[PDB]
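Residue numbers (the authors' numbering): 1 to 282.
A virtual CB, placed ideally from N, CA and C, is assigned to each residue, including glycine.
Here is the structure we will look at.
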Amino acid sequence: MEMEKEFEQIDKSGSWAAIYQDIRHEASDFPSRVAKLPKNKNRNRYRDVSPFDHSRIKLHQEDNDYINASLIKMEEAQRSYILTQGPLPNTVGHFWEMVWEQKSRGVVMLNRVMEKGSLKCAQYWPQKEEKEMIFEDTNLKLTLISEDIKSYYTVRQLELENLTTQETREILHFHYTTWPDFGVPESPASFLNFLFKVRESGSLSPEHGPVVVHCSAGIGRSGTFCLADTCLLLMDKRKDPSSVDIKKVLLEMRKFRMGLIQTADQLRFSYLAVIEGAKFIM
Ligand SMILES: CN1CCN(C(=O)Nc2ccc(F)cc2)CC1
Numbered sequence: 001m002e003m004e005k006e007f008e009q010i011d012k013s014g015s016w017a018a019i020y021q022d023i024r025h026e027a028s029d030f031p032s033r034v035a036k037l038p039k040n041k042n043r044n045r046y047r048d049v050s051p052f053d054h055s056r057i058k059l060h061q062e063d064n065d066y067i068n069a070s071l072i073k074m075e076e077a078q079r080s081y082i083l084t085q086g087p088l089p090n091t092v093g094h095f096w097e098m099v100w101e102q103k104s105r106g107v108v109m110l111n112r113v114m115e116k117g118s119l120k121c122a123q124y125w126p127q128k129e130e131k132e133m134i135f136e137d138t139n140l141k142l143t144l145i146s147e148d149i150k151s152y153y154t155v156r157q158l159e160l161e162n163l164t165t166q167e168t169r170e171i172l173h174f175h176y177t178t179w180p181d182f183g184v185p186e187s188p189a190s191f192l193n194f195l196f197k198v199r200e201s202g203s204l205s206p207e208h209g210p211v212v213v214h215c216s217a218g219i220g221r222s223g224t225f226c227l228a229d230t231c232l233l234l235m236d237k238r239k240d241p242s243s244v245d246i247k248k249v250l251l252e253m254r255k256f257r258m259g260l261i262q263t264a265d266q267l268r269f270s271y272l273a274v275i276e277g278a279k280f281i282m
């Protein structure tokens, strides 16, 4: 079926939970043996969210190459993304090592450091220009260059220096700051505006390594971001845009990381975002 009318048909019939449970039943199951090794317990935020072995990002290190991060490679859309958990106190150096080694240009953050009165990720970037951060375990230096605070999101320019080689690179930090503590946004308008700002920066384009996207677990809000982006790109590329099937795209993405889209409300919000976004594109 088309999307917008499939949408009203699920609303009128109140069957979002049944649609979402079908997706969960059909999703791929691949091994995640490296994630479950005992030496990696303090590298995982949640015991039930792990990268598959076949798609995990490897650190360029011979001691321990493990990070909770996955490469999502979308062949028809010609887009790639790295989806990862919010960094932990003992993985902030690994996080920036990955950004460096994968040649990423942008980092997309969809959570606040504290939500619901608890810490959802480490404070992994500097908040003042004159107070830079040094990650001694991976030999990197990170400096805040500029910050632009808007009503729904903040954009930061950061300098990452590889202290072994003295090479430097400019990294863009795109921080969506207004996702509610509970539920999903009422309108997709600010989320779509944010997606378009990431696109306009070049961070999603083939001349760079894959964008790094995270929330707390790296599957819920993060899944909504890449699902909406890929569906809108396919609607531009194909002769028949009504052939784009958001459930099929989501199942393809779940071949590369488990659990993408965590609730039926997140699934409905993803439909809404693609539907409204397709009208603005034209
Ligand atoms: C002001 N300009 C913007 C480009 N720029 C940069 O560093 N790009 C980049 C390339 C490759 C990579 F992996 C990360 C960033 C700094 C100079």
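Residue i: CB within 7 Å of a non-hydrogen atom of ligand 1
i: residue 208; result: yes
i: residue 170; result: yes
i: residue 297; result: The structure shown does not extend to residue 297, since the chain is modelled only from 1 through 282, so no value can be given for it.
i: residue 156; result: no
i: residue 146; result: no
i: residue 80; result: no
i: residue 12; result: no
i: residue 103; result: yes
Status (buried if at least 16 other CB within 10 Å, exposed otherwise) for residue i
i: residue 48; result: exposed
i: residue 17; result: exposed
i: residue 219; result: buried
i: residue 270; result: buried
i: residue 222; result: buried
i: residue 111; result: buried
i: residue 72; result: buried
i: residue 168; result: exposed
i: residue 171; result: buried
Of the listed residues the options, nearest to residue i (C-alpha basis)
i: residue 23; options: 269, 246 and 213; result: 246
i: residue 165; options: 100, 30, 66 and 65; result: 100
i: residue 265; options: 193, 216, 187 and 174; result: 187
i: residue 140; options: 36, 129 and 161; result: 161
i: residue 115; options: 199, 274 and 215; result: 215
i: residue 63; options: 69, 94, 33 and 170; result: 94
i: residue 226; options: 195, 208 and 201; result: 195
i: residue 33; options: 1, 67, 25 and 10; result: 67
i: residue 39; options: 25, 65 and 26; result: 65
i: residue 262; options: 74, 163 and 217; result: 217
i: residue 190; options: 205, 273 and 251; result: 273
i: residue 205; options: 192, 224, 233 and 268; result: 233
i: residue 82; options: 21, 92, 58 and 76; result: 58
i: residue 125; options: 134, 276 and 117; result: 134
i: residue 78; options: 231, 167, 185 and 26; result: 231
i: residue 121; options: 143, 91 and 142; result: 91
i: residue 185; options: 171, 207 and 224; result: 224
i: residue 212; options: 9, 70, 192 and 244; result: 70
i: residue 61; options: 282, 98 and 4; result: 98
Whole-number beta carbon distance between residue j and residue i, since they are thought to touch under 8 Å
i: residue 15; j: residue 255; result: With a Cβ gap of about 25 Å, residue 15 and residue 255 do not count as contacting.
i: residue 50; j: residue 36; result: 7 Å
i: residue 158; j: residue 149; result: So it is not a contact: roughly 15 Å between Cβ atoms.
i: residue 138; j: residue 96; result: 7 Å
i: residue 103; j: residue 202; result: Residue 103 to residue 202, Cβ: 13 Å. No contact.
i: residue 151; j: residue 2; result: Not a contact, Cβ separation roughly 34 Å.
i: residue 267; j: residue 20; result: 5 Å
Proximity test, residue i beta-carbon vs ligand 3 heavy atom, cut-off 7 Å
i: residue 191; result: Because ligand 3 does not appear in the structure shown, any question about it cannot be addressed here, the ligands present being ligand 1.
Original post:
With a cut-off of 8 Å, do at least 3 Cβ pairs link the region 181-188 to the region 79-92?
Top reply: no
Original post:
Is the number of C-beta pairs between the region 98-113 and the region 233-241 that are closer than 8 Å three or more?
Top reply: no
Subject >> Stretch pair the region 37-51 + the region 167-178: three plus CB contacts closer than 8 Å >> reply: no
**OP:** Spell out a yes or no on whether the region 115-131 and the region 54-62 are touching, meaning 3 or more CB-CB pairs, one atom from each, closer than 8 Å.
**Re:** no
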